[PDB]
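J.: build me a model from this:
(2 chains, ligands or ions: 4)
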Amino acid sequence: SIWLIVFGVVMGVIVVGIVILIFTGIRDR
Amino acid sequence: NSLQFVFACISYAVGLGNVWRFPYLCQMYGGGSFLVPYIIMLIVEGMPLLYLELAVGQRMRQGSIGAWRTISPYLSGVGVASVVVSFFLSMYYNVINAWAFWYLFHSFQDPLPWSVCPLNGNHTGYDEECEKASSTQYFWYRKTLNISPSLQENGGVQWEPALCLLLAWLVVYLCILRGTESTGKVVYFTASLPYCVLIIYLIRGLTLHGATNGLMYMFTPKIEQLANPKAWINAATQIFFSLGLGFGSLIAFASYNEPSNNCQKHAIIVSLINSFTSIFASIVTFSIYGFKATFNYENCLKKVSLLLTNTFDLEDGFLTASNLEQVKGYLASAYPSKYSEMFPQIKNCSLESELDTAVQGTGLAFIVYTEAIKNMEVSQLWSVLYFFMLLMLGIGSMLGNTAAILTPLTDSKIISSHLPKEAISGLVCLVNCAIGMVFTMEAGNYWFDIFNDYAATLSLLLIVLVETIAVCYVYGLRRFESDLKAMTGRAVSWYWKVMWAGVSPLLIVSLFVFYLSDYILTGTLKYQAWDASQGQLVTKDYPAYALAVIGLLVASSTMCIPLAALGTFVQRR
Ligand SMILES: *[C@@H]1O[C@H](CO)[C@@H](O)[C@H](O)[C@H]1NC(C)=O
Ligand SMILES: *[C@@H]1O[C@H](CO)[C@@H](O)[C@H](O)[C@H]1NC(C)=O
Ligand SMILES: O=C(O)[C@@H]1CCCCN1
Ligand SMILES: [Cl-]
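T.: Numbers count the residues shown, from 1 in each chain, chains lettered A, B, ... in the order given. Ligands and ions are numbered 1, 2, ... in the order given. Below, you will see the structure:
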């Protein structure tokens, strides 16, 4: 199913973005 | 500084209430019969109260709770309630975004899912429900929601909508964490892309066969259904929900503006731009809807002609739509014995009935625009563009709403001294996403219907009524006018004073009285439910447990005001 592949890619990139932003914010403070 | 504030207010106001909610609200309540009150309710309710909110944000120069607490302590509750409503909004609004995500992900396929019905099972025809309804309607009601036939019947949590809602909430949380003041180029971009996409769909939407039927249905003010109090109620509540009145974040936005600014120009411009965007989006939607209605009418006429021709052994092209009644009379006069058998079977179809009952419900925008996409050349590109514009609008509106939710929480030193703001926002998003899973069930569309019509509908009227009475009578309109004149050099116009003091509260009270009287007289609250066997929408009475939630959603937010007054009186005594 192509919709599942696209959703997996999008969710992966969004989760990596959230993780990096939280980690950078915590490390800065 | 004017451009920044004006575009911030526009970006807050222009969202899914303009592109998604307005079209189906207009369709449900008669088209023109809903548009005439809307405009009537915009001059009286929209502009004066939006200006009052923007002025209260400036003369106080505090937050919503701070302002309504500084005017008088006995009133501080209206600052708390204005948060709670936002909560309920953020509880269900995201579901819409989720749906768009779904419709985006099913847009990279050559055989678009809403374009071709599945095979029946013989591999010789189409599905019964997919044929009785449209392919777009079948995709929306079965492939997307899998809607249960009644509210009493619900299954488990559908995992695909749950994942889409989880993804939408993750995107909202990422947008919360990432940016707060970098909207510089975004305001140059996110404000023109919806208009460009609507322009493209208008260029397609006004050249379809029978596009004028949709516009005529839209702009005809039928007097017979213009007397419905529910139409006026829905118009006023949609105005309040689209301008953001009662949510309390407009006061916060205006709190950061200079006191030597013209809030009479800005309020007028924002309200007019919101109205124009709603009208334009609804015009495009109703042009496509009229094309759908014309196609359904032509299909019914063709089916009836084929039925008569296959039986009376008429010529192939002899029986057309321009000579249908005359040939029917001729055939009936020829011999009645044969005509008697199928007379029940011959169906009457007209443009009007199709226009009322072609497509209706909260999925009107999705169904209509998927239909329009399936009639394009490169359907994939236009589907991506439209469902990306919708995603931007929803994400922006939710950023505004969640900022309104979170600012009181961050400003509270009790919570801010224990957990980081990055964790407070995460907890808020997690609670909202976990509670919003009730909209992903099989019967979740009915709960979405309940929340879209009662969570932030009448409470927005009562909050604004209390706010305007507070500003005019408790604080003193003369004192407020003097303060505003000293702040900006110009005294408030007499028209704005008239609309603040008497006209808007009286109209709100009259609307509330009419709605209550209509509900009492009817005594049976009903909702639309999908019927796959009949392939349309039927009206069913709300069950006993559905009225409790409906009552509580309004009651908590509205009654949060009197309870605070009682608590303050107890504290004093
Ligand atoms: C096609 O399927 C229907 C059931 O929906 C059945 O009644 C019909 O006999 C089938 N046609 C043939 C040729 O078997
Ligand atoms: C169609 O119209 C005729 C005459 O007005 C009426 O008798 C009939 O019940 C209607 N409906 C159908 C399905 O024939
Ligand atoms: O137009 C919208 O979609 C938003 C909803 C929230 C309040 C502001 N307007
Ligand atoms: Cl609107």
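
J.: CA atoms for contacts and neighbours, from now on please.
T.: Noted.

J.: how close does the nearest residue to residue B:114 once chain neighbours are set aside get to residue B:12?
T.: Distances taken as C-alpha to C-alpha, 6 or more residues apart in numbering or on different chains place residue B:136 nearest to residue B:114, at 4.7 Å, with adjacent residues excluded. According to C-alpha to C-alpha, to the nearest Å, residue B:136 and residue B:12 sit 31 Å apart.

J.: so what's residue 11 up against?
T.: Answering for chain A, as no chain was given. By C-alpha atoms under 8 Å, 6 or more residues apart in numbering or on different chains, the contact set of residue A:11 is residue B:167.

J.: sorry, should have said chain B
T.: B:187, B:191, B:396-397.

J.: same question for residue B:162.
T.: B:437, B:440.

J.: remind me which helix or strand it belongs to.
T.: With secondary structure defined by DSSP states H and E, residue B:162 is part of helix B:159-178.

J.: for the helix or strand just after that helix, packing partners?
T.: Next helix or strand after helix B:159-178 toward the C-terminus (DSSP H and E): helix B:184-189. Where contact means 3 or more C-alpha pairs under 8 Å, 6 or more residues apart in numbering or on different chains; DSSP states H and E, helix B:184-189 is packed against helix B:2-13.

J.: and the helix it packs on, does that touch ligand 4?
T.: No - using C-alpha under 5 Å from the ion, helix B:2-13 stays clear of ligand 4, coming no nearer than 8.8 Å.

J.: alpha carbons of that helix, as PDB, please.
T.: The C-alpha trace of helix B:2-13 is given here as PDB (Å, rounded to 0.1, in the frame of the first residue of the first chain):
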ATOM      1  CA  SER B   2       0.400  47.300  11.100                       C
ATOM      2  CA  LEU B   3       1.200  44.700   8.500                       C
ATOM      3  CA  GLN B   4       2.500  42.200  11.200                       C
ATOM      4  CA  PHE B   5      -0.600  42.500  13.400                       C
ATOM      5  CA  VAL B   6      -3.100  42.500  10.500                       C
ATOM      6  CA  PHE B   7      -1.500  39.400   8.900                       C
ATOM      7  CA  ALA B   8      -1.300  37.600  12.300                       C
ATOM      8  CA  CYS B   9      -5.000  38.200  12.800                       C
ATOM      9  CA  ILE B  10      -5.800  37.100   9.200                       C
ATOM     10  CA  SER B  11      -3.700  34.000   9.600                       C
ATOM     11  CA  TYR B  12      -5.500  33.100  12.800                       C
ATOM     12  CA  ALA B  13      -9.000  33.800  11.400                       C
END
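
J.: right, is the helix or strand following it up against ligand 4?
T.: Where DSSP H and E defines the elements, the next helix or strand beyond helix B:2-13 is helix B:16. No - against ligand 4, helix B:16 shows no contacts by C-alpha under 5 Å from the ion, the least distance being 9.3 Å.

J.: which neighbouring elements make contact with helix B:16?
T.: Packed against helix B:16 by the contact rule (3+ C-alpha pairs under 8 Å, 6+ apart) you find helix B:379-411.

J.: just how off-centre is the helix it packs on within its chain?
T.: Centroid separation for helix B:379-411 versus its chain: 14 Å, with C-alpha atoms, centre = their mean, to the nearest Å.

J.: equivalent analysis for stretch B:87-105, please.
T.: The answer for stretch B:87-105 is 12 Å, by C-alpha atoms, centre = their mean.

J.: does it come close to ligand 3?
T.: No - using C-alpha under 6 Å from any ligand atom, stretch B:87-105 stays clear of ligand 3, coming no nearer than 7.5 Å.

J.: thinking again about what came up before, what's the spacing between the host helix or strand of the residue nearest to residue B:114 and its chain's center?
T.: For residue B:136, the element it lies in under DSSP H and E is helix B:135-138. Relative to its chain's centre, helix B:135-138 lies at 21 Å (C-alpha atoms, centre = their mean).

J.: kindly report the same for stretch B:326-344.
T.: Using C-alpha atoms, centre = their mean, the offset of stretch B:326-344 from its chain centre is 48 Å.

J.: contacts only, for residue B:177.
T.: Residue B:177 neighbours (C-alpha under 8 Å, 6+ apart): A:18, A:21-22, B:422.

J.: spatially nearest residue to the closest residue to chain B within chain A, not counting backbone neighbours?
T.: Proximity to chain B, evaluated over chain A using C-alpha to the nearest C-alpha, is greatest for residue A:3 at 4.7 Å. Nearest non-adjacent residue to residue A:3, counting by C-alpha to C-alpha, 6+ apart: residue B:105, 4.7 Å away.

J.: pretty sure residue B:172 contacts residue B:400?
T.: No - in this structure, residue B:172 is not within contact of residue B:400 by C-alpha atoms under 8 Å, at 10.6 Å.

J.: what about the residue of chain A closest to chain B, neighbour count?
T.: The local packing of residue A:3 (other C-alpha atoms under 10 Å in any protein chain shown) involves 17 other residues.

J.: run the angle between the helix or strand harbouring it and helix B:159-178 for me.
T.: Using DSSP H and E, the element containing residue A:3 is helix A:2-28. Computed with axes from the mean of the first three to the mean of the last three C-alpha atoms, to 10 degrees, the direction of helix A:2-28 lies at 30 degrees from that of helix B:159-178.

J.: residues in contact with stretch B:497-507?
T.: Residues contacting stretch B:497-507 (C-alpha under 8 Å, 6+ apart): B:44-45, B:48-49, B:52, B:465, B:468-469, B:472-473, B:477.

J.: save these as a markdown table, and put in neighbour count too.
T.: Converted to a markdown table, those look like this (neighbours: other C-alpha atoms under 10 Å in any protein chain shown):
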| residue | neighbour count |
| --- | --- |
| B:44 | 19 |
| B:45 | 26 |
| B:48 | 25 |
| B:49 | 27 |
| B:52 | 24 |
| B:465 | 19 |
| B:468 | 21 |
| B:469 | 17 |
| B:472 | 19 |
| B:473 | 11 |
| B:477 | 17 |
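
J.: thank you, goodbye.
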